[PDB]
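Taking UniProt numbering, I'd label the letters of the sequence shown as residues 290 to 617, 620 to 646. The structure appears right after this line, and notes come after that.
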Amino acid sequence: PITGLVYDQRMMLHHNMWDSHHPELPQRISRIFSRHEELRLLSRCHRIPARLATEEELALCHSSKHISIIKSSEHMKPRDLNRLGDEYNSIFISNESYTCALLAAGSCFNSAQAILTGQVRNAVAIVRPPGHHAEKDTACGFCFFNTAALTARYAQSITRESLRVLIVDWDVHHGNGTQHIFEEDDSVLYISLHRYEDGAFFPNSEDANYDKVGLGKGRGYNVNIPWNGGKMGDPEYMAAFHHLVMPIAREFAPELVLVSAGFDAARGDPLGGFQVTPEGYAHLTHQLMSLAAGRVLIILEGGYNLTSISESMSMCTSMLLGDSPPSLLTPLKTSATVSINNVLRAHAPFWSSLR
Ligand SMILES: O=C(NO)c1ccc(CN(CCO)C(=O)Cc2ccccc2)cc1
Ligand SMILES: [K+]
Ligand SMILES: [K+]
Ligand SMILES: [K+]
Ligand SMILES: [Zn+2]
Numbered sequence: 290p291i292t293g294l295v296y297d298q299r300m301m302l303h304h305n306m307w308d309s310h311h312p313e314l315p316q317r318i319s320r321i322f323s324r325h326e327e328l329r330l331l332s333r334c335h336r337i338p339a340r341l342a343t344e345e346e347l348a349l350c351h352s353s354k355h356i357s358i359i360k361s362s363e364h365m366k367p368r369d370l371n372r373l374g375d376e377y378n379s380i381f382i383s384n385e386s387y388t389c390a391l392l393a394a395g396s397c398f399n400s401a402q403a404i405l406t407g408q409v410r411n412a413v414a415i416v417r418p419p420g421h422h423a424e425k426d427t428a429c430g431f432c433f434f435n436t437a438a439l440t441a442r443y444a445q446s447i448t449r450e451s452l453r454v455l456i457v458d459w460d461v462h463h464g465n466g467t468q469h470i471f472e473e474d475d476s477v478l479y480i481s482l483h484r485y486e487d488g489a490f491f492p493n494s495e496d497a498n499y500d501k502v503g504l505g506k507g508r509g510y511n512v513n514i515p516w517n518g519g520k521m522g523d524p525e526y527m528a529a530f531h532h533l534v535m536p537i538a539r540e541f542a543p544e545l546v547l548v549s550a551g552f553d554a555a556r557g558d559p560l561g562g563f564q565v566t567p568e569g570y571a572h573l574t575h576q577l578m579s580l581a582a583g584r585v586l587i588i589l590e591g592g593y594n595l596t597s598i599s600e601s602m603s604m605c606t607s608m609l610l611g612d613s614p615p616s617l620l621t622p623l624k625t626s627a628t629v630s631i632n633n634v635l636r637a638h639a640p641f642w643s644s645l646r
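Given below as structure tokens:
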């Protein structure tokens with residue numbers, strides 16, 4: 290009954306040489322790590338070492354061309370890093386970016402391995418750059434390789450191809466890359482909650498709407514919960530978990546749970562504009578711990594208020610360690628009820644628990 294933690298300060302070396310105030314800051318991960326020490330959570334965790342992902346491991350989800358392009362940035366002069374970054378939607382690149390992205394993925398693989406070999410029950414991965422916008426063939430939205438997607442495939446690569454993996458993505462943005470990588474797959478259930486605003490919110494695609502339910506044998510295995518109409522918080526996230534995330538997850542019966550845990554829906558985040566509290570994230574984590582015999586891996590995605598993400602992810606680790614959930620029914624925003632019911636309508640053909 291042990292919680293693993295992976296963190297490596299070498300992931301701070303990825304930086305924006307043109308705008309040192311860009312919100313995807315190196316100190317995102319060092320501030321989260323420091324808060325774990327201050328709250329005396331670090332000493333209660335089993336430290337899992339970081340490692341580099343291998344290029345063969347990246348090929349679990351990414352094309353050889355994409356891997357080769359990002360790898361080539363290691364040796365580029367600034368002008369060519371600028372040019373290469375500009376080929377993507379919202380990407381900046383330094384000579385250290387490729388290595389940091391490898392460490393983020395390799396750290397999560399070692400964490401999934403620690404869970405699946407029984408060395409730990411659950412784990413937290415304090416990693417950057419993020420992953421969930423990265424596609425098979427392209428970088429996007431501060432993400433180079435899709436760490437969470439890769440970790441699901443790595444888990445399957447050391448157990449069985451059909452291992453049931455649930456990915457819960459509570460980053461405020463839609464994980465477009467994760468959805469696409471698994472869109473035809475019934476072994477990986479992708480559930481995303483995200484601000485949508487009818488396509489006005491990044492990444493600005495109708496791929497994120499509730500009617501995108503998966504393709505082929507994956508039909509029913511992609512669950513988009515899109516928010517419209519401004520600020521959402523704990524009441525709306527708790528209701529989405531009550532009506533949708535947890536009933537569907539229980540029916541799926543995952544053997545491993547991965548959380549794409551962005552904290553940019555948090556109170557105070559300048560990019561997300563939402564109001565989920567640290568206690569809220571604690572309750573979300575505690576609910577997910579009831580799944581998969583507690584085999585849960587929390588993977589940092591976005592989140593840009595340093596104080597907010599440090600307190601919120603620490604509360605998640607406190608729940609993984611078995612601490613009692615903090616005290617937290621406020622009526623939902625009217626448009627949140629509309630969103631939840633749209634998703635229920637979309638997925639009742641596939642999940643009996645919704646009927
Ligand atoms: O991964 C993410 N969050 O977890 C993420 C990815 C891409 C963006 C892009 N984005 C929104 C649309 O341009 C922005 O960067 C907005 C911005 C932020 C600071 C100053 C000026 C503008 C914003 C956030
Ligand atoms: K999301
Ligand atoms: K779809
Ligand atoms: K899927
Ligand atoms: Zn985000």
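Cβ coordinates follow ideal geometry from the N, Cα and C atoms, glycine included.
- In this structure, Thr-292 keeps its C-beta atom at 8 Å or more from the C-beta atom of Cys-350.
- DSSP, read as helix, strand or coil, puts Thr-467 in helix.
- With respect to the 8 Å criterion, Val-413 and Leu-294 are classified as neighbours on the basis of their beta carbons.
- Residue pairing from DSSP leaves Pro-559 without any beta-bridge partner.
- According to the DSSP secondary-structure assignment, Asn-517 is paired through a beta bridge with no residue.
- Pairing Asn-632 with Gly-522, the inter-Cα distance amounts to about 18 Å.
- The alpha carbon of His-483 has as its nearest neighbour, out of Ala-497, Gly-611, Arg-317 and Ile-404, the alpha carbon of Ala-497.
- For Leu-545, the uninterrupted beta strand (DSSP E) run begins and ends at 545-550, by DSSP.
- In terms of side-chain proximity, the C-beta atom of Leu-478 is found no nearer than 7 Å to any non-hydrogen atom of ligand 2.
- Residue state for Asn-378 is assigned as strand, using DSSP reduced to three classes.
- At the C-beta level, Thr-440 and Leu-586 come within 8 Å of one another.
- By the Cβ criterion, the segment 497-515 is not in contact with the segment 551-561, since fewer than three pairs of Cβ atoms, one from each stretch, lie closer than 8 Å.
- In this structure, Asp-553 has its beta carbon less than 7 Å from a heavy atom of ligand 5.
- For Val-457 against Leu-610, the beta-carbon gap comes to about 19 Å, at or over 8 Å, which does not count as contact.
- With fewer than 16 other beta carbons inside 10 angstroms of its own, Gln-316 counts as exposed.
- Looking at the DSSP output, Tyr-479 shares a beta bridge with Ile-456 and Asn-511.
- Shortest gap from the CB of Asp-460 to any heavy atom of ligand 5: under 7 Å.
- A distance criterion of 7 Å places the beta-carbon of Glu-385 beyond contact range of ligand 4, judged by its closest non-hydrogen atom.
- In the three-state reduction of the DSSP assignment, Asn-493 falls in the coil class.
- The C-alpha of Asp-487 lies about 29 Å from the C-alpha of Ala-571.
- Placement of the Cβ of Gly-374 at a distance of 7 Å or more from every heavy atom of ligand 5 is found.
- Residue range 625-638 is occupied by the alpha helix (DSSP H) that includes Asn-632.
- The C-beta distance from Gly-430 to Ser-379 rounds to 5 Å, short enough to fall under 8 Å.
- In this structure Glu-327 is exposed. Its beta-carbon is surrounded by fewer than 16 other beta-carbon atoms within 10 angstroms.
- By the Cβ neighbour-count rule, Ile-447 is exposed, with fewer than 16 other Cβ atoms within 10 Å of its own.
- Contact between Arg-417 and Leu-589 holds: their C-beta atoms lie close to 7 Å from each other, under 8 Å.
- Contact between the segment 302-319 and the segment 591-604 is present: 3 or more CB-CB pairs across the two stretches fall below 8 Å.
- According to the DSSP assignment, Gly-583 belongs to no alpha helix (DSSP H), since it is labelled neither H nor E.
- Here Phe-541 has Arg-453, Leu-455 and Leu-478 as same chain residues with Cβ atoms under 7 Å from its own Cβ, once five neighbours each way along the sequence are excluded.
- Under the three-state reduction of DSSP output, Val-295 falls in the strand class.
- Distances between the C-beta of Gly-591 and the heavy atoms of ligand 5 include at least one below 7 Å.
- Each residue's CA atom was taken as its position, placing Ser-607 and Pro-492 some 31 Å apart.
- If the five residues before and after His-638 are omitted, its C-beta is found closer than 8 Å to the C-beta atoms of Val-502, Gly-509, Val-512, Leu-533, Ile-537 and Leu-645, all from its own chain and listed in chain order.
- For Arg-410, the number of other beta carbons within 10 angstroms of its own is at least 16, and it is reported as buried.
- Between the alpha carbons of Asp-474 and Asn-435 lies a distance of about 16 Å.
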